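> Encoded as structure tokens, here's the structure I'll be asking about.
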Amino acid sequence: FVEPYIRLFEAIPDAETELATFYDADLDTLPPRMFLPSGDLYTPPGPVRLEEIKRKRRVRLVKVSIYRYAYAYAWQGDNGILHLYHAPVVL
Amino acid sequence: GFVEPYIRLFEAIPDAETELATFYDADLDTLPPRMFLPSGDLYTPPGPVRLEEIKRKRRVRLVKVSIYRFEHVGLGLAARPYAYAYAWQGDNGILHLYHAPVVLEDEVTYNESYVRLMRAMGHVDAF
Amino acid sequence: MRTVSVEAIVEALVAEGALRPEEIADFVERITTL
Amino acid sequence: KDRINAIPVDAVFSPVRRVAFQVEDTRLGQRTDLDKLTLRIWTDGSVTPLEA
Amino acid sequence: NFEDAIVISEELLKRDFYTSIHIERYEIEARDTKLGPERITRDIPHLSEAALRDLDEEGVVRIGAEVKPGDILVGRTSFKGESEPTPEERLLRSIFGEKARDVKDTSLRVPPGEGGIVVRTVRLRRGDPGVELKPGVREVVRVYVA
Amino acid sequence: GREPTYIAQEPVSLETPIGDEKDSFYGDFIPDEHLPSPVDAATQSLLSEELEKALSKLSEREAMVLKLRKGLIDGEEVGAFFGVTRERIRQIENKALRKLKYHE
């Protein structure tokens, strides 16, 4: 269930700029904005951890592990905002 | 929701003051046109294709391509749905896939000589 | 038989430094037809 | 380039306009052939001459 | 500065004194052929999506884009040479969805040497509104690079 | 005074002094397109044999009316007809191809 999100990630415009610095959210830090594919705000019942898969100049694909539990795949920009590709699959 | 990035990509094509072009609405009835991957490589379909227009400009358009498999039923062949891929079509009808096709997990027949000729001129995978 | 395309041959003639794109242009233009 | 229409500009970073040093003879005490090295610095204000 | 050589302070390039603008002119025709008419279009067959990022929907490179030797300026597609083979193909044209022939890539590209950034285009199209297009010339398109 | 709207031309020799009536010959500036010239023989070999296959699997009075009209000498359909109405030939012509294209 990860491959379709590697081609949906590859379909992001390859904007040639400086490599941006993404906010590697963690248990120590805050959870950023998280948005479902519909644009709705999803608020997590706890902090999130990230694991990078792929990487452009301006966006990256991450696996968002959410503790209190669940996980979801999303892309992230230089504004750290996690745009989810699907509602979080509850383990 | 998995069509949104490809609308963004198509609307990112620059525009130009031109008149509108009449597009080749390929279907099961007609030859599937030449297809190409983002890598420029030729994609050969197992059979015909159907086109669903999402957006359009003067001279190119965004289409959801339903690419079909041929299968033996009766004398010759009929069309089952096999895969789908989003692409943009130009005034030569040629389909430019934005990605590799998504393979679909799972009463009209055509001649054999029909698919004989599509294999010959190259818009059909064999086997 | 054998094929060829004049557009690439003309650019090569223009690069070769024989005459200016004016004379080569008049040439391709007489080449076109009468 | 930030945006697709941007136009990169040449970058003259060094905030130092001109630099001159003067080696002047200073008698001091016992010796004549001593150097009064006084060097002289102009800058745009981003960093002071001392800072540089 | 041997025999008549010259030595230069890099301050000139910083101050951009010895800079001079230069504009070249590139031109293609969409001629009309035995094979079928050639077409100034964007969907060229065997081109990567990356090679088209700067061409507008008509196939013309967009204004303000840096073009490196080998990029596309105006996209042109012409039918496969050696002729329209009437005995057999003429039947296929009615058999198979007519206009499903084959077309190749004959675009215009920045030559070895270089170009710059595209600054102006000129279309002289059919329905010729005051232009003397040569016999068999369908349209002409120009791009100025600086 | 006008040159108006609506397979014949004359050869120019290979050697002709181009430029400022200089020493060049015109063959000198022709580079090539390719050597092997593929999809010719291997194509017509498939092309011709897979024709006669479907061509004979429907009625010979059907398939041959166009095999040889569009393929043997000329073209027409004002006289395509070996003796039927100009309307039934268009009828049987099109209807022939259609069962020839796809068989139900």
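Each chain in the structure tokens gets a letter, A, B, ..., in the order shown, and its residues are numbered from 1; ligands are numbered from 1 in order too.
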At a cut-off of 12 Å, can you tabulate as a Markdown table every residue of chain E near chain B together with its closest atom pair and the distance in Å to one decimal, using only C-alpha atoms and ordering rows by chain then number?

| residue | atom | partner | partner_atom | distance |
| --- | --- | --- | --- | --- |
| E:37 | CA | B:92 | CA | 11.7 |
| E:38 | CA | B:92 | CA | 10.6 |
| E:39 | CA | B:92 | CA | 8.7 |
| E:40 | CA | B:91 | CA | 9.7 |
| E:41 | CA | B:91 | CA | 6.9 |
| E:42 | CA | B:90 | CA | 6.7 |
| E:43 | CA | B:90 | CA | 5.0 |
| E:44 | CA | B:94 | CA | 8.0 |
| E:45 | CA | B:94 | CA | 7.0 |
| E:46 | CA | B:40 | CA | 5.2 |
| E:47 | CA | B:40 | CA | 4.6 |
| E:48 | CA | B:40 | CA | 3.9 |
| E:49 | CA | B:38 | CA | 4.9 |
| E:50 | CA | B:38 | CA | 7.6 |
| E:51 | CA | B:40 | CA | 9.0 |
| E:52 | CA | B:13 | CA | 9.2 |
| E:53 | CA | B:13 | CA | 7.4 |
| E:54 | CA | B:14 | CA | 7.7 |
| E:55 | CA | B:14 | CA | 7.0 |
| E:56 | CA | B:14 | CA | 4.4 |
| E:57 | CA | B:15 | CA | 5.5 |
| E:58 | CA | B:59 | CA | 6.2 |
| E:59 | CA | B:16 | CA | 9.2 |
| E:60 | CA | B:16 | CA | 8.5 |
| E:61 | CA | B:14 | CA | 9.0 |
| E:62 | CA | B:14 | CA | 7.0 |
| E:63 | CA | B:14 | CA | 9.8 |
| E:64 | CA | B:14 | CA | 11.7 |
| E:65 | CA | B:14 | CA | 11.5 |
| E:75 | CA | B:90 | CA | 11.7 |
| E:76 | CA | B:92 | CA | 10.8 |
| E:77 | CA | B:92 | CA | 8.5 |
| E:78 | CA | B:92 | CA | 10.3 |
| E:79 | CA | B:92 | CA | 10.6 |
| E:88 | CA | B:117 | CA | 11.9 |
| E:89 | CA | B:121 | CA | 10.7 |
| E:91 | CA | B:117 | CA | 11.8 |
| E:92 | CA | B:117 | CA | 8.9 |
| E:93 | CA | B:31 | CA | 10.6 |
| E:94 | CA | B:30 | CA | 10.7 |
| E:95 | CA | B:114 | CA | 8.8 |
| E:96 | CA | B:31 | CA | 6.0 |
| E:97 | CA | B:30 | CA | 4.8 |
| E:98 | CA | B:30 | CA | 8.5 |
| E:99 | CA | B:92 | CA | 8.7 |
| E:100 | CA | B:31 | CA | 6.7 |
| E:101 | CA | B:121 | CA | 9.1 |
| E:102 | CA | B:34 | CA | 8.6 |
| E:103 | CA | B:92 | CA | 8.2 |
| E:104 | CA | B:92 | CA | 10.7 |
| E:105 | CA | B:92 | CA | 11.7 |
| E:121 | CA | B:16 | CA | 11.0 |
| E:122 | CA | B:17 | CA | 11.8 |
| E:123 | CA | B:17 | CA | 10.2 |
| E:125 | CA | B:18 | CA | 10.2 |
> Could the residues of chain B that have an atom at most 8 Å from chain A be listed as a Markdown table, each with its closest atom pair and the distance in Å to one decimal, counting only C-alpha atoms and ordered by chain and ascending residue number?

| residue | atom | partner | partner_atom | distance |
| --- | --- | --- | --- | --- |
| B:1 | CA | A:37 | CA | 6.5 |
| B:2 | CA | A:8 | CA | 7.4 |
| B:5 | CA | A:11 | CA | 6.4 |
| B:6 | CA | A:11 | CA | 7.0 |
| B:9 | CA | A:13 | CA | 6.8 |
| B:98 | CA | A:11 | CA | 7.3 |
| B:99 | CA | A:7 | CA | 6.8 |
> Hey, what's within 8 Å of residue 18 in chain D if we count only C-alpha atoms and toss same-chain stuff fewer than 4 positions away? As a PyMOL selection string, please?
chain D and resi 41-43
> In Å, rounded to a single decimal, give me how far CA of residue 19 in chain A is from CA of residue 52 in chain A.
14.8 Å
> Would you please extract all helix (DSSP H, G or I) residues from range 21-97 of chain F, as assigned by DSSP on the backbone, and give them as a PyMOL selection string?
chain F and resi 26-29+41-57+60-67+86-97
> Please dump the current selection as a PDB file, in the first residue's frame; keep C-alpha atoms.

ATOM      1  CA  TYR F  26      25.247  20.277 -53.898  1.00  0.00           C
ATOM      2  CA  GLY F  27      25.627  16.641 -52.870  1.00  0.00           C
ATOM      3  CA  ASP F  28      28.382  17.866 -50.536  1.00  0.00           C
ATOM      4  CA  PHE F  29      25.906  19.193 -47.939  1.00  0.00           C
ATOM      5  CA  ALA F  41      10.420  -5.699 -45.750  1.00  0.00           C
ATOM      6  CA  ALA F  42       9.400  -7.216 -42.398  1.00  0.00           C
ATOM      7  CA  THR F  43       6.244  -5.060 -42.464  1.00  0.00           C
ATOM      8  CA  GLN F  44       4.876  -5.625 -45.975  1.00  0.00           C
ATOM      9  CA  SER F  45       5.507  -9.331 -45.325  1.00  0.00           C
ATOM     10  CA  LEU F  46       3.073  -9.282 -42.410  1.00  0.00           C
ATOM     11  CA  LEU F  47       1.035  -6.520 -44.090  1.00  0.00           C
ATOM     12  CA  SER F  48       0.241  -8.469 -47.262  1.00  0.00           C
ATOM     13  CA  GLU F  49      -0.408 -11.931 -45.807  1.00  0.00           C
ATOM     14  CA  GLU F  50      -2.693 -10.788 -42.981  1.00  0.00           C
ATOM     15  CA  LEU F  51      -4.639  -8.886 -45.642  1.00  0.00           C
ATOM     16  CA  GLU F  52      -5.599 -11.896 -47.755  1.00  0.00           C
ATOM     17  CA  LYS F  53      -6.614 -13.731 -44.559  1.00  0.00           C
ATOM     18  CA  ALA F  54      -9.634 -11.575 -43.644  1.00  0.00           C
ATOM     19  CA  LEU F  55      -9.988 -10.611 -47.302  1.00  0.00           C
ATOM     20  CA  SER F  56     -11.099 -14.149 -48.156  1.00  0.00           C
ATOM     21  CA  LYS F  57     -13.027 -14.913 -44.952  1.00  0.00           C
ATOM     22  CA  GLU F  60     -15.408 -12.352 -52.455  1.00  0.00           C
ATOM     23  CA  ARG F  61     -18.083 -10.223 -54.114  1.00  0.00           C
ATOM     24  CA  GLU F  62     -17.826  -8.028 -50.996  1.00  0.00           C
ATOM     25  CA  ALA F  63     -14.124  -7.726 -50.208  1.00  0.00           C
ATOM     26  CA  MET F  64     -12.740  -7.497 -53.744  1.00  0.00           C
ATOM     27  CA  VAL F  65     -14.837  -4.487 -54.805  1.00  0.00           C
ATOM     28  CA  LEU F  66     -12.474  -2.272 -52.803  1.00  0.00           C
ATOM     29  CA  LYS F  67      -9.349  -4.476 -52.718  1.00  0.00           C
ATOM     30  CA  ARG F  86     -24.489   4.195 -56.831  1.00  0.00           C
ATOM     31  CA  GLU F  87     -26.405   3.885 -53.524  1.00  0.00           C
ATOM     32  CA  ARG F  88     -26.165   0.124 -52.945  1.00  0.00           C
ATOM     33  CA  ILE F  89     -22.418   0.045 -53.636  1.00  0.00           C
ATOM     34  CA  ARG F  90     -21.930   2.624 -50.896  1.00  0.00           C
ATOM     35  CA  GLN F  91     -24.339   0.480 -48.871  1.00  0.00           C
ATOM     36  CA  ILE F  92     -22.568  -2.847 -49.398  1.00  0.00           C
ATOM     37  CA  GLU F  93     -19.085  -1.257 -49.384  1.00  0.00           C
ATOM     38  CA  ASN F  94     -19.439   0.262 -45.914  1.00  0.00           C
ATOM     39  CA  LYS F  95     -21.453  -2.672 -44.543  1.00  0.00           C
ATOM     40  CA  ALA F  96     -18.767  -5.032 -45.885  1.00  0.00           C
ATOM     41  CA  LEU F  97     -15.926  -3.312 -44.017  1.00  0.00           C
TER      42      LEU F  97
END
> Enumerate the residues of range 1-132 of chain E with a DSSP assignment of strand (DSSP E), computed from the backbone, and present them as a PyMOL selection string.
chain E and resi 24-29+32-33+36-37+39-40+72-74+76-79+103-105+108-109+118-124
> Store the residues picked out above, limited to N, CA, C and O atoms, as a compact mmCIF listing (two decimals), in the first residue's frame.

# COMPACT_ATOMS: atom_id res chain seq x y z
N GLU E 24 19.65 36.50 -30.95
CA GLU E 24 19.62 35.66 -32.13
C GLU E 24 18.17 35.36 -32.52
O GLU E 24 17.23 35.62 -31.76
N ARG E 25 18.00 34.78 -33.71
CA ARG E 25 16.68 34.66 -34.32
C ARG E 25 16.55 33.25 -34.89
O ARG E 25 17.35 32.85 -35.75
N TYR E 26 15.58 32.47 -34.40
CA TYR E 26 15.41 31.11 -34.88
C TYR E 26 14.02 30.93 -35.48
O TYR E 26 13.04 31.50 -34.98
N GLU E 27 13.94 30.14 -36.55
CA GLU E 27 12.80 30.18 -37.46
C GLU E 27 12.55 28.78 -38.00
O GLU E 27 13.51 28.09 -38.37
N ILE E 28 11.29 28.37 -38.07
CA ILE E 28 10.92 27.11 -38.71
C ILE E 28 9.64 27.32 -39.52
O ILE E 28 8.84 28.21 -39.23
N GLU E 29 9.48 26.49 -40.54
CA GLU E 29 8.28 26.46 -41.36
C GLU E 29 7.51 25.17 -41.13
O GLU E 29 8.10 24.10 -40.91
N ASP E 32 4.18 21.96 -46.29
CA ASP E 32 3.12 21.05 -46.70
C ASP E 32 3.71 20.06 -47.70
O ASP E 32 4.42 20.45 -48.63
N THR E 33 3.44 18.77 -47.49
CA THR E 33 4.27 17.72 -48.06
C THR E 33 3.39 16.62 -48.64
O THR E 33 2.25 16.42 -48.22
N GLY E 36 1.72 14.37 -46.30
CA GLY E 36 0.71 14.96 -45.45
C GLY E 36 1.25 16.23 -44.84
O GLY E 36 2.46 16.47 -44.82
N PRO E 37 0.36 17.09 -44.35
CA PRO E 37 0.82 18.39 -43.83
C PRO E 37 1.53 18.27 -42.49
O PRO E 37 1.12 17.51 -41.62
N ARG E 39 2.77 19.93 -38.85
CA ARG E 39 1.92 20.61 -37.88
C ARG E 39 2.76 21.14 -36.73
O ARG E 39 3.51 20.39 -36.10
N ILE E 40 2.61 22.44 -36.44
CA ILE E 40 3.27 23.06 -35.30
C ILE E 40 2.46 22.74 -34.04
O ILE E 40 1.51 23.46 -33.70
N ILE E 72 13.74 22.40 -26.93
CA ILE E 72 12.76 22.62 -27.99
C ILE E 72 12.38 24.09 -27.99
O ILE E 72 12.14 24.69 -26.94
N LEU E 73 12.32 24.67 -29.19
CA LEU E 73 11.85 26.04 -29.36
C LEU E 73 10.43 26.07 -29.91
O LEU E 73 9.56 26.75 -29.36
N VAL E 74 10.19 25.33 -30.98
CA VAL E 74 8.86 25.15 -31.55
C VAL E 74 8.73 23.70 -31.97
O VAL E 74 9.60 23.17 -32.67
N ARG E 76 7.36 20.60 -33.99
CA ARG E 76 6.81 20.28 -35.30
C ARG E 76 6.79 18.77 -35.49
O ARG E 76 7.76 18.08 -35.16
N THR E 77 5.69 18.26 -36.04
CA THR E 77 5.53 16.84 -36.29
C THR E 77 5.12 16.62 -37.74
O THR E 77 4.14 17.21 -38.21
N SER E 78 5.86 15.76 -38.44
CA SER E 78 5.62 15.48 -39.85
C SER E 78 5.37 13.99 -40.05
O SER E 78 5.86 13.15 -39.30
N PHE E 79 4.59 13.67 -41.09
CA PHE E 79 4.26 12.28 -41.33
C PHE E 79 5.47 11.49 -41.82
O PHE E 79 6.43 12.04 -42.37
N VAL E 103 3.42 9.58 -37.25
CA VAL E 103 4.00 10.92 -37.34
C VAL E 103 5.28 10.95 -36.51
O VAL E 103 5.33 10.40 -35.41
N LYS E 104 6.32 11.60 -37.05
CA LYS E 104 7.64 11.66 -36.43
C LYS E 104 7.95 13.06 -35.92
O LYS E 104 7.16 14.00 -36.07
N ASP E 105 9.13 13.19 -35.30
CA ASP E 105 9.58 14.43 -34.66
C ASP E 105 10.53 15.18 -35.58
O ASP E 105 11.61 14.67 -35.91
N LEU E 108 12.32 22.15 -33.79
CA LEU E 108 13.43 23.09 -33.90
C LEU E 108 14.12 23.18 -32.54
O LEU E 108 13.45 23.32 -31.51
N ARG E 109 15.45 23.09 -32.54
CA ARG E 109 16.20 22.97 -31.29
C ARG E 109 17.39 23.92 -31.29
O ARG E 109 17.97 24.18 -32.34
N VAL E 118 14.16 33.09 -23.93
CA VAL E 118 13.25 33.47 -24.99
C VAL E 118 12.59 34.80 -24.64
O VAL E 118 12.08 34.97 -23.52
N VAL E 119 12.60 35.74 -25.58
CA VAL E 119 12.11 37.08 -25.32
C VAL E 119 10.96 37.50 -26.23
O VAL E 119 10.24 38.45 -25.89
N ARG E 120 10.74 36.83 -27.36
CA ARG E 120 9.68 37.23 -28.28
C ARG E 120 9.41 36.10 -29.27
O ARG E 120 10.33 35.36 -29.65
N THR E 121 8.15 35.97 -29.67
CA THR E 121 7.74 35.01 -30.69
C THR E 121 6.93 35.71 -31.76
O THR E 121 6.36 36.78 -31.54
N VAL E 122 6.88 35.09 -32.94
CA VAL E 122 6.14 35.61 -34.08
C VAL E 122 5.50 34.44 -34.82
O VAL E 122 6.21 33.57 -35.33
N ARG E 123 4.17 34.41 -34.87
CA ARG E 123 3.40 33.45 -35.66
C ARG E 123 2.85 34.14 -36.90
O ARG E 123 2.18 35.17 -36.79
N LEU E 124 3.13 33.57 -38.06
CA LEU E 124 2.53 33.99 -39.32
C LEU E 124 1.70 32.83 -39.87
O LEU E 124 2.18 32.03 -40.68
> Tell me as a PyMOL selection string which residues belonging to chain C come within 12 Å of chain E, counting only C-alpha atoms.
chain C and resi 1-8+11-12+14-15+21+28-34
> Of the residues F:98, F:82, F:11, F:31, which is the one nearest to chain B, using only C-alpha atoms?
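Ranked by minimum distance to chain B, first place goes to F:98.
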> So how many Å separate CA of residue 78 in chain B and CA of residue 109 in chain B, to one decimal?
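If I compute the distance from CA of residue 78 in chain B to CA of residue 109 in chain B, I get 4.6 Å.
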> Kindly assemble as CSV a list of the chain F residues that lie within 6 Å of chain C, each paired with its nearest atom pair and their distance in Å to one decimal, using only C-alpha atoms, sorted first by chain and then by ascending residue number.

residue,atom,partner,partner_atom,distance
F:19,CA,C:19,CA,5.8
F:29,CA,C:9,CA,5.7
F:30,CA,C:9,CA,5.3
F:32,CA,C:4,CA,5.8
F:33,CA,C:4,CA,5.6
> Could you list, as a list in words, every residue of chain F that has an atom within 7 Å of an atom of chain E, counting only C-alpha atoms?
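Listed by rising number, the hits are residues 70, 71, 72, 97 and 101 of chain F.
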> For a test of reading the model, state the distance in Å between CA of residue 17 in chain F and CA of residue 31 in chain E, rounded to one decimal.
25.8 Å
> Compile the contact shell of residue 35 in chain A as a PyMOL selection string: residues with an atom at most 8 Å away, counting only C-alpha atoms, same-chain residues fewer than 3 positions apart removed.
chain A and resi 38-42+81-84
> For the selection just defined, write its residues with N, CA, C and O atoms to a file, as an mmCIF file, in the first residue's frame.

data_model
loop_
_atom_site.group_PDB
_atom_site.id
_atom_site.type_symbol
_atom_site.label_atom_id
_atom_site.label_comp_id
_atom_site.auth_asym_id
_atom_site.auth_seq_id
_atom_site.Cartn_x
_atom_site.Cartn_y
_atom_site.Cartn_z
ATOM 1 N N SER A 38 -9.240 15.784 1.343
ATOM 2 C CA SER A 38 -10.317 16.727 1.077
ATOM 3 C C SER A 38 -9.984 18.150 1.504
ATOM 4 O O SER A 38 -10.770 19.061 1.226
ATOM 5 N N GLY A 39 -8.848 18.362 2.164
ATOM 6 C CA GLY A 39 -8.513 19.657 2.713
ATOM 7 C C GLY A 39 -8.972 19.880 4.136
ATOM 8 O O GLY A 39 -8.716 20.957 4.690
ATOM 9 N N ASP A 40 -9.647 18.908 4.743
ATOM 10 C CA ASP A 40 -10.123 19.045 6.113
ATOM 11 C C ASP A 40 -8.992 18.852 7.114
ATOM 12 O O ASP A 40 -8.072 18.060 6.896
ATOM 13 N N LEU A 41 -9.077 19.584 8.221
ATOM 14 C CA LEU A 41 -8.105 19.458 9.297
ATOM 15 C C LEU A 41 -8.327 18.168 10.079
ATOM 16 O O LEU A 41 -9.432 17.903 10.561
ATOM 17 N N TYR A 42 -7.272 17.369 10.200
ATOM 18 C CA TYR A 42 -7.240 16.203 11.074
ATOM 19 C C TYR A 42 -6.365 16.510 12.282
ATOM 20 O O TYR A 42 -5.178 16.817 12.131
ATOM 21 N N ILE A 81 3.816 21.388 6.698
ATOM 22 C CA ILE A 81 2.431 20.939 6.707
ATOM 23 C C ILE A 81 2.324 19.556 6.079
ATOM 24 O O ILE A 81 2.828 19.312 4.976
ATOM 25 N N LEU A 82 1.676 18.634 6.790
ATOM 26 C CA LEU A 82 1.469 17.275 6.298
ATOM 27 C C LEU A 82 0.136 17.223 5.559
ATOM 28 O O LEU A 82 -0.928 17.361 6.172
ATOM 29 N N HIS A 83 0.188 17.031 4.243
ATOM 30 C CA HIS A 83 -1.013 16.836 3.433
ATOM 31 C C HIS A 83 -1.197 15.335 3.238
ATOM 32 O O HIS A 83 -0.498 14.710 2.438
ATOM 33 N N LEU A 84 -2.150 14.764 3.972
ATOM 34 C CA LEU A 84 -2.342 13.321 3.987
ATOM 35 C C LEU A 84 -2.907 12.823 2.663
ATOM 36 O O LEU A 84 -3.774 13.462 2.060
#
> Return as JSON lines the residues of chain D lying at most 8 Å from chain E, together with the closest atom-to-atom pair for each and the distance in Å to one decimal, counting only C-alpha atoms, with rows in chain order and ascending residue number.

{"residue": "D:5", "atom": "CA", "partner": "E:64", "partner_atom": "CA", "distance": 6.8}
{"residue": "D:10", "atom": "CA", "partner": "E:14", "partner_atom": "CA", "distance": 7.4}
{"residue": "D:11", "atom": "CA", "partner": "E:14", "partner_atom": "CA", "distance": 8.0}
{"residue": "D:12", "atom": "CA", "partner": "E:14", "partner_atom": "CA", "distance": 6.6}
> Write down, as a count of residues only, each residue of chain A that has any atom within 10 Å of an atom of chain D, counting only C-alpha atoms.
4
> List the neighbours of residue 62 in chain B out to 8 Å using only C-alpha atoms; skip same-chain residues closer than 3 positions along the sequence, and give me the result as a list in words.
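Listing them by chain and then by number gives residues 7, 10, 53, 54, 55, 56, 86, 87, 88 and 89 of chain B.
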> Could you turn the residues from that selection into a file that holds N, CA and C atoms, as a short mmCIF file (atom, residue, chain, number, x, y, z; two decimals), in the first residue's frame?

data_model
loop_
_atom_site.label_atom_id
_atom_site.label_comp_id
_atom_site.auth_asym_id
_atom_site.auth_seq_id
_atom_site.Cartn_x
_atom_site.Cartn_y
_atom_site.Cartn_z
N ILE B 7 -4.54 17.33 -12.46
CA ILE B 7 -5.13 18.59 -12.90
C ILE B 7 -4.15 19.73 -12.70
N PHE B 10 -1.59 19.66 -15.45
CA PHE B 10 -2.08 20.05 -16.76
C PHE B 10 -2.33 21.55 -16.84
N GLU B 53 -12.51 13.03 -20.67
CA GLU B 53 -11.89 14.35 -20.69
C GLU B 53 -12.15 15.05 -19.36
N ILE B 54 -11.10 15.46 -18.67
CA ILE B 54 -11.22 16.14 -17.38
C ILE B 54 -11.14 17.66 -17.54
N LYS B 55 -10.09 18.15 -18.19
CA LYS B 55 -9.92 19.56 -18.49
C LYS B 55 -9.45 19.68 -19.93
N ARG B 56 -9.51 20.90 -20.47
CA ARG B 56 -9.03 21.08 -21.84
C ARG B 56 -8.56 22.52 -22.00
N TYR B 86 -3.80 8.42 -16.23
CA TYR B 86 -4.07 9.80 -16.59
C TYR B 86 -3.00 10.31 -17.54
N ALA B 87 -3.43 11.06 -18.55
CA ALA B 87 -2.53 11.53 -19.60
C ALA B 87 -3.05 12.86 -20.13
N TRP B 88 -2.25 13.48 -20.99
CA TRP B 88 -2.70 14.63 -21.76
C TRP B 88 -2.55 14.34 -23.24
N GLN B 89 -3.58 14.69 -24.00
CA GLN B 89 -3.68 14.41 -25.42
C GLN B 89 -3.50 15.69 -26.22
#
